[PDB]
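Residues 8 to 309 in PDB author numbering are what the sequence shown lists, from first letter to last. Since the structure comes first, as structure tokens, the remarks are kept for the end.
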Amino acid sequence: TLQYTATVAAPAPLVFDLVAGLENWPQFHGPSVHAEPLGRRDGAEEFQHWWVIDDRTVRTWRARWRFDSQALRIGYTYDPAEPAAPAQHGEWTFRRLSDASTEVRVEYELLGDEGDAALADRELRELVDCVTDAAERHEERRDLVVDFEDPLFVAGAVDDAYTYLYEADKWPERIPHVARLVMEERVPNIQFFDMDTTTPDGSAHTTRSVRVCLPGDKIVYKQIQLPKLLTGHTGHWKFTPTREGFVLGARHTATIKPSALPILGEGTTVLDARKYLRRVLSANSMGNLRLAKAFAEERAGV
């Protein structure tokens with residue numbers, strides 16, 4: 008049995024919550040793109056995981072988790088991943104050292120012979136490092152992290168709006184200011200693209216996104232090449248049926264980089280950056296939502 012232990016300057020329940028909240032790892036852990044709950048399996052919670060492991064490759068695998076918020080323990084088993092990574096079995100424990108200090112310990116084993124133990128060790132340490140940072144900077148992140156979702160009712164079929172937001176390779180001809188989009192989808196329903204967006208002031212900004220596409224449900228994405236103002240940006244396009252149509256949701260979770268605040272002008276505060284992002288990101292997304300809505304409603308005979 009292998010082991011890694013670290014000290015986190017935050018309360019144990021907060022650290023436990025960060026690790027247990029699998030769907031939110033993408034908010035503070037670089038490689039994490041999504042985690043999708045798949046139901047129970049005799050008391051365990053089954054999940055599918057997606058990590059971006061280089062700028063054109065995603066690793067996905069199935070896992071089963073056991074969360075104990077009373078004992079502050081988390082058990083997990085990973086099936087073998089694609090591309091190959093070994094099966095793994097482990098346990099997290101979170102131990103009080105003081106009111107605001109915690110000892111995190113992970114004990115685990117790789118199953119089988121074919122793994123890269125060095126790689127697995129480094130990946131665990133980076134995850135624990137990210138947990139540590141998110142926990143220790145919890146109060147600061149309440150100001151740096153801009154998290155919101157804007158909905159729009161659509162009187163039509165989910166599949167039509169889903170197709171519209173899924174076929175991003177067509178956006179340059181459909182969505183204003185989308186000047187270029189270079190799509191890669193070698194693995195079905197896992198997309199990478201570079202995108203150039205123009206703005207009224209001349210300049211054009213390139214970003215790169217990775218998306219996990221869940222047909223009929225949602226598209227979850229993460230920007231892996233970011234604007235200078237951000238250290239993180241995740242979001243989705245979500246489709247929620249109602250009795251009279253469905254409600255398309257555009258979420259953004261964007262993390263401000265304090266050192267880049269001056270990019271918005273002399274005197275820019277964190278709140279100024281939050282206001283900028285909330286307005287600019289929602290305006291861009293609402294443009295997409297209204298286009299997807301029109302597309303779906305047209306196909307529904309209005």
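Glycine is no exception: its CB is placed at the ideal position from the N, C-alpha and C atoms.
Are residue i and residue j closer than 8 Å when you measure CB to CB?
i: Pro234; j: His212; result: yes
i: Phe35; j: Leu79; result: no
i: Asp154; j: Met293; result: no
i: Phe54; j: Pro44; result: yes
i: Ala17; j: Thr109; result: yes
i: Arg73; j: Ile60; result: no
i: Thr64; j: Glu89; result: no
i: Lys229; j: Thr241; result: yes
i: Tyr171; j: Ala70; result: no
i: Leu131; j: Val113; result: yes
i: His96; j: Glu116; result: yes
i: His41; j: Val219; result: yes
i: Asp279; j: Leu271; result: yes
i: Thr8; j: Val111; result: no
i: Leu268; j: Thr275; result: yes
i: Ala142; j: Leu29; result: no
i: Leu159; j: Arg297; result: yes
State the DSSP-derived secondary structure class of residue i, mapped to helix, strand or coil.
i: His56; result: strand
i: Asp49; result: coil
i: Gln10; result: strand
i: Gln198; result: strand
i: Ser216; result: strand
i: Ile263; result: strand
i: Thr64; result: strand
i: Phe101; result: strand
i: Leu117; result: strand
i: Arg250; result: coil
i: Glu273; result: coil
i: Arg193; result: coil
i: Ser289; result: helix
i: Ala307; result: coil
Going by DSSP, which residues form a beta bridge with residue i?
i: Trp72; result: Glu52, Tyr83
i: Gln230; result: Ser216
i: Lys245; result: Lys225, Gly256
i: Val185; result: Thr204
i: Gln77; result: Bridge partners of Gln77: none, in fact.
i: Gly294; result: In the DSSP output, where bridge partners are listed per residue, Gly294 has none listed.
i: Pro44; result: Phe54
i: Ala92; result: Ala88
i: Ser39; result: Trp58
i: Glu110; result: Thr14, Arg102
i: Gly239; result: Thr262
i: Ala301; result: None; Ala301 has no bridge partner.
i: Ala211; result: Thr205
Quick check on residue i - is its C-beta less than 8 Å from some C-beta in chain B?
i: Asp176; result: Protein chain content of the structure displayed is limited to a single chain, and chain B is not contained in it.
Contact defined as beta carbons within less than 8 Å: I believe residue i pairs with residue j. What is the distance between those atoms, to the nearest angstrom?
i: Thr14; j: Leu134; result: Rounded, the Cβ-Cβ distance is 16 Å, inconsistent with contact.
i: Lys264; j: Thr247; result: In fact, because the Cβ distance is near 32 Å, the residues do not count as touching under 8 Å.
i: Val185; j: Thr214; result: Their Cβ separation, rounded to whole angstroms, is 11 Å, which puts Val185 and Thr214 out of contact at 8 Å.
i: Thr262; j: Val152; result: 5 Å
Would the beta-carbon of residue i be found less than 7 Å away from any heavy atom of the ligand MG?
i: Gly239; result: You won't find the ligand MG in this model; it holds no ligand whatsoever.
Item checked: Every unbroken beta strand (DSSP E) within the stretch 134 to 166, with a cutoff of 3 residues, ordered by chain -> 152 to 161
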